[PDB]
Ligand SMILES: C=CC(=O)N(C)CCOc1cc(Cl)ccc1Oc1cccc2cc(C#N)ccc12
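Starting off, we have a lone chain in the form deposited without the ligand, written out as structure tokens.
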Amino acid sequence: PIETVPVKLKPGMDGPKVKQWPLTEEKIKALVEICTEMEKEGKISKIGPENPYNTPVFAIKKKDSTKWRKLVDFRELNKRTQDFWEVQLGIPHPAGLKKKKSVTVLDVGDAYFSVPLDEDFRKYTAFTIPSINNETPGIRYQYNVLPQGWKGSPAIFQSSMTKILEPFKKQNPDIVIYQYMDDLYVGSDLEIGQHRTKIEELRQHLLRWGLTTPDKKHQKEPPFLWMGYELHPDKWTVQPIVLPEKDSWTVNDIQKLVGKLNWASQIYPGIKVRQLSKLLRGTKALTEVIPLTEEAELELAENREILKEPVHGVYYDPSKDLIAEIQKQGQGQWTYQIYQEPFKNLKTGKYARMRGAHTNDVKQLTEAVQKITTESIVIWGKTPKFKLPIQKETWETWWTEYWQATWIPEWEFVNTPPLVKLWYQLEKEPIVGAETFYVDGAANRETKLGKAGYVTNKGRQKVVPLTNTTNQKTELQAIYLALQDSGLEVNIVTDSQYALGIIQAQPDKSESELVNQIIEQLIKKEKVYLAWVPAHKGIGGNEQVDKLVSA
């Protein structure tokens, strides 16, 4: 007997009245079979026509088993049922497990059906059972327990399980129980004779409250199958990963491939998905087939060579420090390894998000450090010490001069190339004896036609016509011109806030091919000074070049 959980509907709304789906005769017989046994145990009940609700029902067979699953479509009940607050805040990772002398894994049989639903709420679960023909009406039932398919079933099960385990955990403080839904990982430093004894006291303590531990689900010997992993006494690994062998790939093929590759990335180091994902962008139909680029083919090739050789992770030793090492992989891809003893990884992973239109490797590495810090605080509750492929002086130059606040926790340089560097450096002061280019651009909002040009103090001048452009693009284009038509050292005066915002953040990559060309020039120069003046204030060469390109 476990205390029921009070539940309500969204205030001012009534229960679910929706008609049944037409069910297949192969499914119906196995369905009516399972339903009838429930009434013997008090899990389900017959109800009179006094109950005016109805909800569709169907079944699919359990994965890795013979039996069927009773799934009740409560989508219309879910819309009108109150909101909950889930207590499942994440997923455990094996790399967060300390090593235990003896370990047991046990599943609960019929998890939801062992928890009684709310008394007053039971009536809204109403559904009817089909038959081999349409003549017999079938009994209508109300759930006495948590139904599979409701939006309140998982949360109520998870919290109830915690109240059951709480007494046992306080009586046995040195037992670690990883509670995730109905699966329990239980481990101890106890001697295995004593461990199995405490295991049985817990199976009784769950049986104290009507929770069944089937022997078939119960595992006594490594390697345990837990959360899609295989747990060995001193190592762990994922259950093997199957990559589709298709000769012609659709959109759903790549989606399956990418998702598998992401799952593999947690332990298999160096998985890369950039070039494969580029095929996924902007395709209309999931059924459509798209060929593999020579880039995506090479990436899928080397991704398979990583999966070829088996890999494993280790377990967590609270005494020793946590280490995280990052390598650059190119095209905005980064992989990392978290370890405590060298060359014995705890877990791996990858950061590849392209955040923003224009960026540089330093920003992206910082984003990787932040992703790794949070993942580490999730799994181990602490921040690892970092091994980063960026010179100490590069970083000092970046974070001190940049106008936004940025930081990286304790870290040391690791000489593993390719190194992260800043590719150019704008002067803080104007360059003496460098030609001074006053640039500007302008475009017509309706024509989409524009000009871009400059004037210098030495008399040099240029204006360029432009097709299908914008005001912003002509301002970048004017700066491109000044960079092309100048020596190795140049002062550039613009009144473009937009352009100057982009270039001063020292990007080394850009979605805009124009910015990438501006970057390419900036790497070539030896000294570049950018200065800003306001427009239409009668300043110097700015007023002159605004006249030229507006005409």
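Just count from 1 along the sequence shown to find any residue number.
Form deposited with the ligand bound: not shown, discussed below.
- Counting atoms of the ligand, placed from its pose in the entry with it bound by superposing the C-alphas round the site, that lie within 2.4 Å of this form's backbone or C-beta atoms gives 3 or more, so the site is blocked.
- The partner is absent here; in the entry with it bound, the one residue of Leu365, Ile199, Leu231, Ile129 having a heavy atom within 4.5 Å of the ligand is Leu231.
- Residue-level contacts in the entry with it bound: of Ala434, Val105, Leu77, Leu279, one residue has a heavy atom within 4.5 Å of the ligand, and it is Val105.
- When the ligand is considered in the entry with it bound, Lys98 lines it closely, a heavy atom lying within 4.5 Å.
- The ligand in the entry with it bound is not approached by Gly152, whose heavy atoms all lie more than 4.5 angstroms from it.
- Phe84 falls outside the set of residues with a heavy atom inside 4.5 Å of the ligand in the entry with it bound.
- Looking at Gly187, you'd find a heavy atom of it within 4.5 angstroms of the ligand in the entry with it bound.
- Stretch 170-178 is the answer when you ask which of 170-178, 298-306, 284-292, 118-126 has residues with heavy atoms within 4.5 Å of the ligand in the entry with it bound.
- Within 4.5 angstroms of the ligand in the entry with it bound, the stretch 314-334 places a non-hydrogen atom from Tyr315 alone.
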